[PDB]
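Data block for input.csv (CSV, N, CA and C atoms):
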chain,number,residue,atom,x,y,z
A,25,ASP,N,57.5,163.5,-36.4
A,25,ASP,CA,57.0,163.0,-35.2
A,25,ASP,C,57.9,162.0,-34.5
A,26,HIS,N,59.2,162.1,-34.9
A,26,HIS,CA,60.2,161.2,-34.3
A,26,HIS,C,61.0,162.0,-33.3
A,27,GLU,N,60.4,162.2,-32.1
A,27,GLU,CA,61.1,162.8,-31.0
A,27,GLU,C,60.6,162.1,-29.7
A,28,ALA,N,61.5,162.1,-28.7
A,28,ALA,CA,61.2,161.4,-27.4
A,28,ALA,C,60.2,162.2,-26.6
A,29,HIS,N,59.1,161.6,-26.2
A,29,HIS,CA,58.1,162.2,-25.4
A,29,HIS,C,58.2,161.7,-24.0
A,30,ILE,N,57.6,162.4,-23.1
A,30,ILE,CA,57.5,162.0,-21.7
A,30,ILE,C,56.4,160.9,-21.6
A,31,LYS,N,56.7,159.9,-20.8
A,31,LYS,CA,55.8,158.7,-20.7
A,31,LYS,C,55.4,158.5,-19.3
A,32,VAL,N,54.1,158.4,-19.0
A,32,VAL,CA,53.5,158.0,-17.7
A,32,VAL,C,53.3,156.5,-17.8
A,33,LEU,N,54.3,155.7,-17.5
A,33,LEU,CA,54.1,154.3,-17.7
A,33,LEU,C,53.0,153.7,-16.8
A,34,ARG,N,52.9,154.1,-15.6
A,34,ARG,CA,51.9,153.6,-14.6
A,34,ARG,C,51.2,154.8,-14.0
A,35,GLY,N,49.9,154.6,-13.7
A,35,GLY,CA,49.1,155.6,-13.2
A,35,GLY,C,48.2,156.3,-14.2
A,36,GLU,N,47.1,156.8,-13.8
A,36,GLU,CA,46.1,157.5,-14.7
A,36,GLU,C,45.8,158.9,-14.0
A,37,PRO,N,46.7,159.8,-14.1
A,37,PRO,CA,46.4,161.1,-13.4
A,37,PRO,C,45.3,161.9,-14.1
A,38,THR,N,44.6,162.7,-13.3
A,38,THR,CA,43.5,163.5,-13.9
A,38,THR,C,44.2,164.8,-14.4
A,39,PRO,N,43.4,165.7,-15.1
A,39,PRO,CA,44.0,166.9,-15.6
A,39,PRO,C,44.7,167.8,-14.6
A,40,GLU,N,44.2,167.8,-13.4
A,40,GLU,CA,44.8,168.7,-12.4
A,40,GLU,C,46.2,168.2,-12.0
A,41,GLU,N,46.3,166.9,-11.7
A,41,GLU,CA,47.6,166.3,-11.3
A,41,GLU,C,48.5,166.4,-12.5
A,42,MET,N,48.0,166.2,-13.7
A,42,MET,CA,48.9,166.3,-14.9
A,42,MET,C,49.5,167.7,-15.0
A,43,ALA,N,48.6,168.7,-14.8
A,43,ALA,CA,49.1,170.1,-14.9
A,43,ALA,C,50.1,170.4,-13.8
A,44,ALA,N,49.8,170.0,-12.6
A,44,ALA,CA,50.8,170.2,-11.5
A,44,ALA,C,52.1,169.6,-11.8
A,45,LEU,N,52.1,168.3,-12.2
A,45,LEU,CA,53.3,167.6,-12.5
A,45,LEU,C,54.1,168.3,-13.6
A,46,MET,N,53.4,168.7,-14.7
A,46,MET,CA,54.1,169.3,-15.8
A,46,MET,C,54.7,170.7,-15.4
A,47,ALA,N,53.9,171.4,-14.6
A,47,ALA,CA,54.5,172.7,-14.1
A,47,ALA,C,55.7,172.5,-13.3
A,48,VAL,N,55.7,171.5,-12.4
A,48,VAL,CA,56.9,171.3,-11.6
A,48,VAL,C,58.0,170.8,-12.4
A,49,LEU,N,57.8,169.9,-13.4
A,49,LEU,CA,58.9,169.4,-14.2
A,49,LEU,C,59.4,170.5,-15.1
A,50,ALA,N,58.6,171.4,-15.6
A,50,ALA,CA,59.1,172.5,-16.4
A,50,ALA,C,60.0,173.4,-15.6
A,51,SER,N,59.5,173.7,-14.4
A,51,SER,CA,60.3,174.5,-13.5
A,51,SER,C,61.6,173.8,-13.1
A,52,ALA,N,61.6,172.5,-12.9
A,52,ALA,CA,62.9,171.8,-12.7
A,52,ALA,C,63.8,171.9,-13.8
A,53,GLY,N,63.3,171.8,-15.1
A,53,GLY,CA,64.1,172.0,-16.2
A,53,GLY,C,64.8,173.3,-16.3
A,54,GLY,N,66.0,173.4,-16.8
A,54,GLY,CA,66.7,174.6,-16.9
A,54,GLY,C,68.0,174.4,-17.6
A,55,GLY,N,69.1,175.0,-17.1
A,55,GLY,CA,70.4,175.0,-17.8
A,55,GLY,C,70.5,175.9,-19.0
A,56,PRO,N,71.4,175.6,-19.9
A,56,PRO,CA,71.5,176.4,-21.1
A,56,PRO,C,70.4,176.2,-22.0
A,57,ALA,N,69.4,177.1,-22.1
A,57,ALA,CA,68.2,176.9,-22.9
A,57,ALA,C,68.6,177.0,-24.4
A,58,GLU,N,69.1,178.2,-24.9
A,58,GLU,CA,69.5,178.4,-26.3
A,58,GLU,C,70.8,179.2,-26.2
A,59,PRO,N,71.9,178.5,-25.8
A,59,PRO,CA,73.1,179.2,-25.6
A,59,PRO,C,73.7,179.7,-26.9
A,60,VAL,N,74.5,180.8,-26.8
A,60,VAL,CA,75.3,181.2,-28.0
A,60,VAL,C,76.4,180.2,-28.2
A,61,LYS,N,76.9,180.2,-29.5
A,61,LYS,CA,78.1,179.4,-29.8
A,61,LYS,C,79.2,179.7,-28.9
A,62,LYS,N,79.9,178.7,-28.3
A,62,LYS,CA,81.0,178.9,-27.3
A,62,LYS,C,82.1,179.6,-28.0
A,63,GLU,N,82.6,180.7,-27.5
A,63,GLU,CA,83.6,181.5,-28.2
A,63,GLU,C,84.9,180.8,-28.1
A,64,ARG,N,85.6,180.8,-29.2
A,64,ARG,CA,87.0,180.2,-29.3
A,64,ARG,C,88.0,181.2,-28.8
A,65,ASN,N,88.8,180.8,-27.9
A,65,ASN,CA,89.9,181.7,-27.3
A,65,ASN,C,91.0,180.8,-27.0
A,66,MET,N,92.0,180.7,-27.9
A,66,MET,CA,93.2,179.8,-27.7
A,66,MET,C,94.3,180.5,-27.0
A,67,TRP,N,94.1,181.7,-26.5
A,67,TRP,CA,95.2,182.4,-25.8
A,67,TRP,C,95.6,181.6,-24.6
A,68,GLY,N,96.9,181.4,-24.5
A,68,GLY,CA,97.5,180.7,-23.4
A,68,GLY,C,97.0,179.3,-23.2
A,69,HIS,N,96.8,178.6,-24.3
A,69,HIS,CA,96.3,177.2,-24.2
A,69,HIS,C,97.4,176.4,-23.6
A,70,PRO,N,97.1,175.4,-22.8
A,70,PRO,CA,98.1,174.5,-22.2
A,70,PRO,C,99.1,173.9,-23.2
A,71,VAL,N,98.6,173.5,-24.4
A,71,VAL,CA,99.5,172.9,-25.3
A,71,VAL,C,100.7,173.8,-25.7
A,72,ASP,N,100.5,175.1,-25.7
A,72,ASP,CA,101.5,176.0,-26.0
A,72,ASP,C,102.6,176.2,-25.0
A,73,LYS,N,102.3,175.7,-23.7
A,73,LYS,CA,103.3,175.8,-22.6
A,73,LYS,C,104.2,174.6,-22.5
A,74,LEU,N,104.1,173.6,-23.4
A,74,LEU,CA,104.8,172.4,-23.2
A,74,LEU,C,106.1,172.6,-24.0
A,75,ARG,N,107.2,171.9,-23.5
A,75,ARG,CA,108.4,171.7,-24.2
A,75,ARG,C,108.3,170.6,-25.2
A,76,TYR,N,108.4,170.9,-26.4
A,76,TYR,CA,108.5,169.9,-27.5
A,76,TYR,C,109.9,169.8,-28.0
A,77,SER,N,110.3,168.6,-28.2
A,77,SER,CA,111.6,168.4,-28.9
A,77,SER,C,111.5,168.8,-30.3
A,78,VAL,N,112.6,169.3,-30.9
A,78,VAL,CA,112.5,169.9,-32.2
A,78,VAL,C,112.0,168.9,-33.2
A,79,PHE,N,112.1,167.6,-33.0
A,79,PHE,CA,111.7,166.6,-33.9
A,79,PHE,C,110.5,165.7,-33.3
A,80,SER,N,109.6,166.3,-32.5
A,80,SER,CA,108.6,165.6,-31.8
A,80,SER,C,107.4,165.5,-32.7
A,81,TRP,N,106.9,164.2,-32.8
A,81,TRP,CA,105.6,164.0,-33.5
A,81,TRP,C,104.4,164.6,-32.9
A,82,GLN,N,104.5,164.9,-31.6
A,82,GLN,CA,103.4,165.7,-31.0
A,82,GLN,C,103.3,167.1,-31.5
A,83,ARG,N,104.4,167.6,-32.1
A,83,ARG,CA,104.2,168.9,-32.8
A,83,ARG,C,103.2,168.9,-33.8
A,84,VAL,N,102.9,167.7,-34.3
A,84,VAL,CA,101.8,167.5,-35.3
A,84,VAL,C,100.5,167.0,-34.7
A,85,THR,N,100.6,166.0,-33.9
A,85,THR,CA,99.4,165.3,-33.4
A,85,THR,C,98.8,166.0,-32.2
A,86,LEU,N,99.5,166.9,-31.5
A,86,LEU,CA,99.0,167.6,-30.3
A,86,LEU,C,98.9,169.1,-30.5
A,87,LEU,N,100.0,169.7,-30.9
A,87,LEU,CA,100.1,171.2,-31.0
A,87,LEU,C,99.3,171.6,-32.2
A,88,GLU,N,99.7,171.2,-33.4
A,88,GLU,CA,99.0,171.6,-34.6
A,88,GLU,C,97.5,171.1,-34.6
A,89,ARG,N,97.3,169.9,-34.1
A,89,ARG,CA,95.9,169.4,-34.1
A,89,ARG,C,95.1,170.3,-33.2
A,90,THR,N,95.6,170.6,-32.0
A,90,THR,CA,94.8,171.5,-31.1
A,90,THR,C,94.5,172.8,-31.7
A,91,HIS,N,95.5,173.4,-32.3
A,91,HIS,CA,95.3,174.8,-32.9
A,91,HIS,C,94.4,174.7,-34.1
A,92,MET,N,94.3,173.6,-34.8
A,92,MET,CA,93.5,173.6,-36.0
A,92,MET,C,92.1,173.0,-35.8
A,93,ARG,N,91.9,172.2,-34.8
A,93,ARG,CA,90.5,171.7,-34.5
A,93,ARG,C,89.5,172.8,-34.5
A,94,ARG,N,88.5,172.7,-35.3
A,94,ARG,CA,87.5,173.8,-35.5
A,94,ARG,C,86.2,173.2,-36.0
B,25,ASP,N,151.6,157.8,-54.0
B,25,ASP,CA,151.7,159.2,-53.9
B,25,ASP,C,150.7,159.9,-54.9
B,26,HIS,N,149.6,160.4,-54.3
B,26,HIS,CA,148.6,161.1,-55.1
B,26,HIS,C,148.4,162.5,-54.6
B,27,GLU,N,149.4,163.1,-54.1
B,27,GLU,CA,149.3,164.5,-53.7
B,27,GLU,C,149.5,165.4,-54.9
B,28,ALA,N,148.7,166.6,-54.8
B,28,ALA,CA,148.8,167.6,-55.9
B,28,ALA,C,150.0,168.5,-55.5
B,29,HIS,N,151.1,168.5,-56.3
B,29,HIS,CA,152.3,169.2,-56.1
B,29,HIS,C,152.4,170.5,-56.9
B,30,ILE,N,153.4,171.2,-56.6
B,30,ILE,CA,153.7,172.4,-57.3
B,30,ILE,C,154.6,172.1,-58.5
B,31,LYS,N,154.2,172.6,-59.7
B,31,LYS,CA,154.9,172.3,-60.9
B,31,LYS,C,155.5,173.5,-61.4
B,32,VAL,N,156.8,173.4,-61.9
B,32,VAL,CA,157.4,174.5,-62.6
B,32,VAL,C,157.3,174.1,-64.1
B,33,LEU,N,156.2,174.6,-64.7
B,33,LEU,CA,155.9,174.2,-66.0
B,33,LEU,C,156.9,174.6,-67.0
B,34,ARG,N,157.4,175.9,-66.9
B,34,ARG,CA,158.4,176.5,-67.8
B,34,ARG,C,159.4,177.1,-67.0
B,35,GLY,N,160.7,177.1,-67.4
B,35,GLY,CA,161.8,177.6,-66.7
B,35,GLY,C,162.6,176.5,-66.0
B,36,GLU,N,163.8,176.8,-65.7
B,36,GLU,CA,164.7,175.9,-65.0
B,36,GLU,C,165.5,176.6,-64.0
B,37,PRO,N,165.0,176.7,-62.7
B,37,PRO,CA,165.7,177.5,-61.7
B,37,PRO,C,166.9,176.7,-61.1
B,38,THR,N,167.9,177.5,-60.7
B,38,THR,CA,169.0,177.0,-60.0
B,38,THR,C,168.6,176.8,-58.5
B,39,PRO,N,169.4,175.9,-57.8
B,39,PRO,CA,168.9,175.6,-56.4
B,39,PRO,C,168.7,176.9,-55.5
B,40,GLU,N,169.5,177.9,-55.7
B,40,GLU,CA,169.3,179.1,-54.9
B,40,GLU,C,168.0,179.8,-55.3
B,41,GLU,N,167.7,179.9,-56.6
B,41,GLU,CA,166.5,180.5,-57.0
B,41,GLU,C,165.3,179.7,-56.5
B,42,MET,N,165.4,178.3,-56.6
B,42,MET,CA,164.3,177.5,-56.1
B,42,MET,C,164.1,177.7,-54.6
B,43,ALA,N,165.2,177.8,-53.9
B,43,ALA,CA,165.0,178.1,-52.4
B,43,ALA,C,164.4,179.4,-52.2
B,44,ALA,N,164.7,180.4,-52.9
B,44,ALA,CA,164.1,181.7,-52.7
B,44,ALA,C,162.6,181.7,-53.0
B,45,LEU,N,162.3,181.1,-54.1
B,45,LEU,CA,160.9,181.0,-54.5
B,45,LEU,C,160.1,180.2,-53.5
B,46,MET,N,160.6,179.1,-53.1
B,46,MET,CA,159.8,178.3,-52.1
B,46,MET,C,159.7,179.0,-50.8
B,47,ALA,N,160.7,179.7,-50.3
B,47,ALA,CA,160.6,180.5,-49.1
B,47,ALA,C,159.6,181.5,-49.2
B,48,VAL,N,159.6,182.3,-50.3
B,48,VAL,CA,158.6,183.3,-50.5
B,48,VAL,C,157.2,182.7,-50.5
B,49,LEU,N,157.0,181.6,-51.2
B,49,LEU,CA,155.7,181.0,-51.3
B,49,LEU,C,155.2,180.5,-49.9
B,50,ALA,N,156.1,179.8,-49.2
B,50,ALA,CA,155.7,179.4,-47.8
B,50,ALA,C,155.4,180.5,-46.9
B,51,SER,N,156.1,181.6,-47.0
B,51,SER,CA,155.7,182.8,-46.2
B,51,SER,C,154.4,183.3,-46.7
B,52,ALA,N,154.1,183.3,-48.0
B,52,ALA,CA,152.8,183.7,-48.5
B,52,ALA,C,151.7,182.7,-48.1
B,53,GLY,N,152.0,181.6,-47.6
B,53,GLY,CA,151.0,180.6,-47.2
B,53,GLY,C,149.9,181.2,-46.4
B,54,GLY,N,148.7,180.6,-46.4
B,54,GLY,CA,147.5,181.2,-45.9
B,54,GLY,C,147.3,181.0,-44.4
B,55,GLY,N,148.3,180.5,-43.7
B,55,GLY,CA,148.3,180.3,-42.2
B,55,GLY,C,147.3,179.2,-41.8
B,56,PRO,N,146.6,179.5,-40.7
B,56,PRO,CA,145.6,178.4,-40.2
B,56,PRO,C,144.6,178.0,-41.3
B,57,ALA,N,144.1,178.9,-42.1
B,57,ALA,CA,143.3,178.6,-43.2
B,57,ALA,C,142.0,177.9,-42.8
B,58,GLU,N,141.2,178.5,-42.0
B,58,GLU,CA,139.9,178.0,-41.6
B,58,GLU,C,140.1,176.6,-40.9
B,59,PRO,N,140.6,176.7,-39.6
B,59,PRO,CA,140.8,175.4,-38.9
B,59,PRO,C,139.5,174.8,-38.5
B,60,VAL,N,139.6,173.5,-38.0
B,60,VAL,CA,138.4,172.7,-37.6
B,60,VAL,C,137.9,173.2,-36.2
B,61,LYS,N,138.5,174.2,-35.6
B,61,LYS,CA,138.1,174.6,-34.3
B,61,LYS,C,136.6,175.1,-34.2
B,62,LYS,N,136.0,175.4,-35.3
B,62,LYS,CA,134.6,175.9,-35.3
B,62,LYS,C,133.7,175.1,-34.4
B,63,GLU,N,133.0,175.8,-33.6
B,63,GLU,CA,132.1,175.2,-32.6
B,63,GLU,C,130.6,175.6,-32.9
B,64,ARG,N,129.7,174.7,-32.6
B,64,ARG,CA,128.3,175.0,-32.9
B,64,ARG,C,127.7,175.9,-31.8
B,65,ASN,N,126.9,176.9,-32.3
B,65,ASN,CA,126.2,177.8,-31.3
B,65,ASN,C,125.0,178.3,-32.0
B,66,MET,N,123.9,177.7,-31.8
B,66,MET,CA,122.6,178.0,-32.4
B,66,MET,C,121.8,179.0,-31.7
B,67,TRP,N,122.4,179.6,-30.6
B,67,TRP,CA,121.7,180.7,-29.9
B,67,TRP,C,121.3,181.8,-30.9
B,68,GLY,N,120.1,182.3,-30.9
B,68,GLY,CA,119.6,183.4,-31.7
B,68,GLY,C,119.8,183.2,-33.2
B,69,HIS,N,119.6,182.0,-33.6
B,69,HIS,CA,119.7,181.7,-35.1
B,69,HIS,C,118.6,182.3,-35.8
B,70,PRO,N,118.8,182.9,-37.0
B,70,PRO,CA,117.7,183.5,-37.7
B,70,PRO,C,116.5,182.7,-37.9
B,71,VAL,N,116.6,181.4,-38.1
B,71,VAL,CA,115.4,180.6,-38.4
B,71,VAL,C,114.4,180.6,-37.2
B,72,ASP,N,114.9,180.8,-36.0
B,72,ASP,CA,114.0,180.9,-34.8
B,72,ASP,C,113.3,182.2,-34.7
B,73,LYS,N,113.7,183.2,-35.5
B,73,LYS,CA,113.0,184.5,-35.4
B,73,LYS,C,111.9,184.6,-36.4
B,74,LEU,N,111.7,183.6,-37.2
B,74,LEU,CA,110.7,183.7,-38.3
B,74,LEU,C,109.3,183.2,-37.8
B,75,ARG,N,108.3,183.9,-38.3
B,75,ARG,CA,106.9,183.4,-38.1
B,75,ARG,C,106.6,182.2,-39.0
B,76,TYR,N,106.1,181.2,-38.4
B,76,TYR,CA,105.7,180.0,-39.1
B,76,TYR,C,104.2,179.8,-38.9
B,77,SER,N,103.5,179.5,-40.0
B,77,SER,CA,102.1,179.1,-39.9
B,77,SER,C,102.1,177.8,-39.1
B,78,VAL,N,101.0,177.6,-38.3
B,78,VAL,CA,100.9,176.5,-37.4
B,78,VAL,C,101.0,175.2,-38.2
B,79,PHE,N,100.8,175.2,-39.5
B,79,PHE,CA,100.8,174.0,-40.4
B,79,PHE,C,101.9,174.2,-41.5
B,80,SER,N,102.9,175.0,-41.2
B,80,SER,CA,103.9,175.3,-42.3
B,80,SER,C,104.8,174.1,-42.5
B,81,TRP,N,105.0,173.7,-43.7
B,81,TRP,CA,105.9,172.6,-44.0
B,81,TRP,C,107.3,173.1,-43.8
B,82,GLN,N,107.6,174.4,-43.7
B,82,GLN,CA,108.9,174.9,-43.4
B,82,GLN,C,109.3,174.6,-41.9
B,83,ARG,N,108.3,174.3,-41.1
B,83,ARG,CA,108.7,173.8,-39.7
B,83,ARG,C,109.5,172.5,-39.8
B,84,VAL,N,109.3,171.7,-40.8
B,84,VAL,CA,110.1,170.5,-41.0
B,84,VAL,C,111.3,170.8,-41.9
B,85,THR,N,111.1,171.4,-43.0
B,85,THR,CA,112.2,171.5,-44.0
B,85,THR,C,113.1,172.6,-43.8
B,86,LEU,N,112.8,173.6,-42.9
B,86,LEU,CA,113.7,174.7,-42.6
B,86,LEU,C,114.1,174.7,-41.2
B,87,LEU,N,113.1,174.8,-40.3
B,87,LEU,CA,113.4,174.9,-38.8
B,87,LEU,C,114.0,173.7,-38.3
B,88,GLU,N,113.3,172.5,-38.4
B,88,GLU,CA,113.8,171.3,-37.8
B,88,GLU,C,115.1,170.9,-38.4
B,89,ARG,N,115.2,171.0,-39.7
B,89,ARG,CA,116.4,170.6,-40.4
B,89,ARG,C,117.6,171.5,-40.0
B,90,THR,N,117.4,172.8,-39.9
B,90,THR,CA,118.5,173.7,-39.4
B,90,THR,C,118.9,173.3,-38.0
B,91,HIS,N,118.0,173.0,-37.1
B,91,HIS,CA,118.4,172.7,-35.8
B,91,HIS,C,119.0,171.3,-35.7
B,92,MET,N,118.8,170.5,-36.7
B,92,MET,CA,119.3,169.1,-36.6
B,92,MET,C,120.6,168.9,-37.4
B,93,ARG,N,120.9,169.7,-38.4
B,93,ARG,CA,122.1,169.5,-39.2
B,93,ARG,C,123.4,169.5,-38.3
B,94,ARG,N,124.2,168.5,-38.6
B,94,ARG,CA,125.5,168.4,-38.0
B,94,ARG,C,126.6,168.2,-39.0
Please re-express this file's structure in structure tokens.
Amino acid sequence: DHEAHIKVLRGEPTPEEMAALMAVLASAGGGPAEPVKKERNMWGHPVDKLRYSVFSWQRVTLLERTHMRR
Amino acid sequence: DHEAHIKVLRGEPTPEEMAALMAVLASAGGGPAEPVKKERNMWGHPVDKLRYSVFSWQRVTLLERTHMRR
């Protein structure tokens, strides 16, 4: 029972106004309802387009890190 | 004087014979014998043709080191 509920802090609507309000709010709600897991596609990632010095620490902290983050 | 010289361990040549021997040896000398003129050219070096895992330790111990040795 530990979830955030909608609160009507002020006002005492009757069942009809409550129903209208909830219907409108549900209609307003949207966006990604139950989206699939976002597909990984590292092809042509910006990090791969950079010039790295042969001894650059960013070869570890930026390039390898980006390729390995999962 | 700490130069390594030629030694005639056995035998006792006369000056003419020593002259002949030394002339033949000097002619047989190895010429330039690998001069210091060698120049660095890392274009198309084999290490750059290898597939490296994104986290390969050989990126440090083989690739980076080969590119950095002087």
Identify all chain A residues at most 7 Å from chain B by counting only N, CA and C atoms; ligands do not count. Present them as a tab-separated table (two decimals) with N, CA and C atoms, in the frame of the given file.
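The result, stored in iface_17.tsv:
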chain	number	residue	atom	x	y	z
A	78	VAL	N	112.60	169.30	-30.90
A	78	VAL	CA	112.50	169.90	-32.20
A	78	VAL	C	112.00	168.90	-33.20
A	79	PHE	N	112.10	167.60	-33.00
A	79	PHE	CA	111.70	166.60	-33.90
A	79	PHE	C	110.50	165.70	-33.30
A	88	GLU	N	99.70	171.20	-33.40
A	88	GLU	CA	99.00	171.60	-34.60
A	88	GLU	C	97.50	171.10	-34.60
Which residues are near residue 32 in chain A? Cut-off 12 Å, only C-alpha atoms, ignore same chain within fewer than 6 positions. Put them as a PDB file with N, CA and C atoms, in the coordinates of the input.
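Output file out.pdb is given in full below:
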ATOM      1  N   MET A  42      48.000 166.200 -13.700  1.00  0.00           N
ATOM      2  CA  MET A  42      48.900 166.300 -14.900  1.00  0.00           C
ATOM      3  C   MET A  42      49.500 167.700 -15.000  1.00  0.00           C
ATOM      4  N   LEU A  45      52.100 168.300 -12.200  1.00  0.00           N
ATOM      5  CA  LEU A  45      53.300 167.600 -12.500  1.00  0.00           C
ATOM      6  C   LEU A  45      54.100 168.300 -13.600  1.00  0.00           C
ATOM      7  N   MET A  46      53.400 168.700 -14.700  1.00  0.00           N
ATOM      8  CA  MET A  46      54.100 169.300 -15.800  1.00  0.00           C
ATOM      9  C   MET A  46      54.700 170.700 -15.400  1.00  0.00           C
TER      10      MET A  46
END
Give me, as a list in words, the residues of chain B that a backbone DSSP run labels alpha helix (DSSP H).
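Selecting the alpha helix (DSSP H) positions of chain B gives residues 39, 40, 41, 42, 43, 44, 45, 46, 47, 48, 49, 50, 51, 52, 82, 89, 90, 91 and 92 of chain B.
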For a test of reading the model, state the distance in Å between atom N of residue 38 in chain A and atom N of residue 55 in chain A, rounded to one decimal.
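Calculated distance between atom N of residue 38 in chain A and atom N of residue 55 in chain A is 27.7 Å.
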Which value, in Å to one decimal, gives the distance between CA of residue 71 in chain A and atom C of residue 90 in chain A?
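Computing it gives 8.1 Å between the two atoms.
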Å distance separating CA of residue 37 in chain A from CA of residue 52 in chain A, one decimal place
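These atoms are spaced 19.7 Å apart.
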Write a file for range 27-64 of chain B, containing C-alpha atoms (output as a PDB file, in the first residue's frame).
ATOM      1  CA  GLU B  27      89.904  -1.308 -28.093  1.00  0.00           C
ATOM      2  CA  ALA B  28      89.520  -4.918 -29.190  1.00  0.00           C
ATOM      3  CA  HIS B  29      92.369  -5.496 -31.648  1.00  0.00           C
ATOM      4  CA  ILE B  30      93.318  -8.187 -34.128  1.00  0.00           C
ATOM      5  CA  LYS B  31      95.684 -10.752 -32.624  1.00  0.00           C
ATOM      6  CA  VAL B  32      98.064 -13.024 -34.512  1.00  0.00           C
ATOM      7  CA  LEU B  33      97.970 -15.779 -31.919  1.00  0.00           C
ATOM      8  CA  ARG B  34     100.279 -18.151 -33.798  1.00  0.00           C
ATOM      9  CA  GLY B  35     102.758 -17.442 -36.561  1.00  0.00           C
ATOM     10  CA  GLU B  36     105.214 -14.623 -37.218  1.00  0.00           C
ATOM     11  CA  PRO B  37     104.586 -12.807 -40.499  1.00  0.00           C
ATOM     12  CA  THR B  38     107.091 -10.621 -42.278  1.00  0.00           C
ATOM     13  CA  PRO B  39     106.063  -7.015 -42.993  1.00  0.00           C
ATOM     14  CA  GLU B  40     105.091  -7.825 -46.587  1.00  0.00           C
ATOM     15  CA  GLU B  41     102.914 -10.735 -45.484  1.00  0.00           C
ATOM     16  CA  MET B  42     101.299  -8.636 -42.768  1.00  0.00           C
ATOM     17  CA  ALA B  43     100.571  -5.938 -45.342  1.00  0.00           C
ATOM     18  CA  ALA B  44      98.982  -8.456 -47.693  1.00  0.00           C
ATOM     19  CA  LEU B  45      96.866  -9.963 -44.926  1.00  0.00           C
ATOM     20  CA  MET B  46      95.658  -6.603 -43.643  1.00  0.00           C
ATOM     21  CA  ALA B  47      94.854  -5.382 -47.145  1.00  0.00           C
ATOM     22  CA  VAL B  48      92.776  -8.485 -47.837  1.00  0.00           C
ATOM     23  CA  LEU B  49      90.966  -8.181 -44.509  1.00  0.00           C
ATOM     24  CA  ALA B  50      90.205  -4.494 -45.006  1.00  0.00           C
ATOM     25  CA  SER B  51      88.847  -5.266 -48.464  1.00  0.00           C
ATOM     26  CA  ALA B  52      86.752  -8.035 -46.899  1.00  0.00           C
ATOM     27  CA  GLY B  53      85.425  -5.491 -44.397  1.00  0.00           C
ATOM     28  CA  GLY B  54      81.652  -5.276 -44.191  1.00  0.00           C
ATOM     29  CA  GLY B  55      81.237  -1.785 -45.635  1.00  0.00           C
ATOM     30  CA  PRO B  56      78.604   0.513 -44.116  1.00  0.00           C
ATOM     31  CA  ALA B  57      77.463  -2.361 -41.867  1.00  0.00           C
ATOM     32  CA  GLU B  58      73.991  -1.184 -40.842  1.00  0.00           C
ATOM     33  CA  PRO B  59      74.449   2.598 -40.549  1.00  0.00           C
ATOM     34  CA  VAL B  60      72.461   4.871 -38.242  1.00  0.00           C
ATOM     35  CA  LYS B  61      70.544   6.317 -41.211  1.00  0.00           C
ATOM     36  CA  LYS B  62      67.483   4.201 -40.336  1.00  0.00           C
ATOM     37  CA  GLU B  63      64.366   6.371 -40.131  1.00  0.00           C
ATOM     38  CA  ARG B  64      61.095   5.657 -38.373  1.00  0.00           C
TER      39      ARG B  64
END
